[PDB]
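So the protein sequences, as listed, match chains R, Z and F.
Just so we're aligned, residue 34 is where the first sequence starts under our numbering, counting upward by one.
Just so we're aligned, residue 34 is where the second sequence starts under our numbering, counting upward by one.
Just so we're aligned, residue 34 is where the third sequence starts under our numbering, counting upward by one.
Quick reminder that beta carbons are idealized off the backbone N, C-alpha and C, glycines included.
Since the structure comes first, as structure tokens, the remarks are kept for the end.
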Amino acid sequence: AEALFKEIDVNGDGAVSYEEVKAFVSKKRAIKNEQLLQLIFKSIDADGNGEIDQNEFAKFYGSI
Amino acid sequence: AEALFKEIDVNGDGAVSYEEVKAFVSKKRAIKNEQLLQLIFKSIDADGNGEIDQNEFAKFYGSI
Amino acid sequence: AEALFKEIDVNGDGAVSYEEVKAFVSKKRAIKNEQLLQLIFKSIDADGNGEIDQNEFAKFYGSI
Ligand SMILES: [Pb+2]
Ligand SMILES: [Pb+2]
Ligand SMILES: [Pb+2]
Ligand SMILES: [Pb+2]
Ligand SMILES: [Pb+2]
Ligand SMILES: [Pb+2]
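Below you can see the structure in the form of structure tokens.
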């Protein structure tokens, strides 16, 4: 009755098959990678318009 | 005369080309990942019918 | 005015978009992997003809 078992159990038959654990691990990994990358971007895009201009980029670099 | 050189040497010409080392490293990696994942599954599937029901899943989690 | 911002800024509009940072990180990663692999090959291919014969392969292995 936890959303996690249901999230992994994609065809909803009450059983987590191997393919499902595998698809899950894959997408969980993909998501953590997206989140770290976005967070890094947003962190460089100091003013938040959604693009990094040469200035934001300049600050970001150096002794970093 | 070791099975390993022959395993990497896929077109069998006595020479391991770069593509072959590369294909080999790729598939070796893929296999270690499958094996760890399967072992983890089999380890959760406490009764071995090949699917994880909410119970096996429940035990598995917690302070894990 | 650094080649790096221009290298990431693929469509050249002065702005590094997210897709571009992402494509960049991907290809940077791909390249480091190629370079390490090639260096390892070249390191096994002791005489440099571009293929590893059973002999070069033999030396390479052991207590390695
Ligand atoms: Pb299922
Ligand atoms: Pb900006
Ligand atoms: Pb060959
Ligand atoms: Pb089971
Ligand atoms: Pb751009
Ligand atoms: Pb050689």
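Distance from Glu53 (chain F) to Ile41 (chain F) at the Cβ level is roughly 6 Å; contact confirmed, criterion being Cβ atoms closer than 8 Å.
A straight-line Cα-Cα distance of about 5 Å links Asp86 (chain Z) and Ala48 (chain R). Nearest to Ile97 (chain Z) by alpha-carbon distance, out of Z:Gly83, Z:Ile77, Z:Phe57 and Z:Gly81, is Z:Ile77. Taking 9 Å as the threshold, the shortest C-beta distance from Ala34 (chain Z) to chain F falls below it.
Along the segment 50-61 of chain R, the positions whose C-beta sits under 8 Å from a C-beta of chain Z are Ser50, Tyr51, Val54, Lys55 and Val58, read in chain order. Bounds of the alpha helix (DSSP H) holding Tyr51 (chain Z) are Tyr51 to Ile77. Residue-level contact check: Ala63 (chain F) does not touch chain R, since none of the beta carbons of chain R fall below 9 Å from its beta carbon. In the structure shown, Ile85 (chain R) adopts extended strand secondary structure according to DSSP, grouped into three states.
Among the residues facing chain Z, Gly47 (chain R) is included, as its CB has a counterpart in that chain under 9 Å away. The closest CA to that of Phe57 (chain R), considering only Z:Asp80, Z:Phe74 and Z:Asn88, is found on Z:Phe74. For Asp86 (chain R), the residues of chain F that pass the 7 Å Cβ criterion are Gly47 and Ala48, in the order they occur in the chain. Taking a beta-carbon distance threshold of 9 Å, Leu70 (chain F) counts as an interface residue toward chain Z. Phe38 (chain Z) and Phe90 (chain F) have their alpha carbons spaced roughly 8 Å apart. Just so you know, the alpha carbons of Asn44 (chain Z) and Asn44 (chain R) end up roughly 41 Å apart. For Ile97 (chain R), the three-state secondary structure derived from DSSP is coil.
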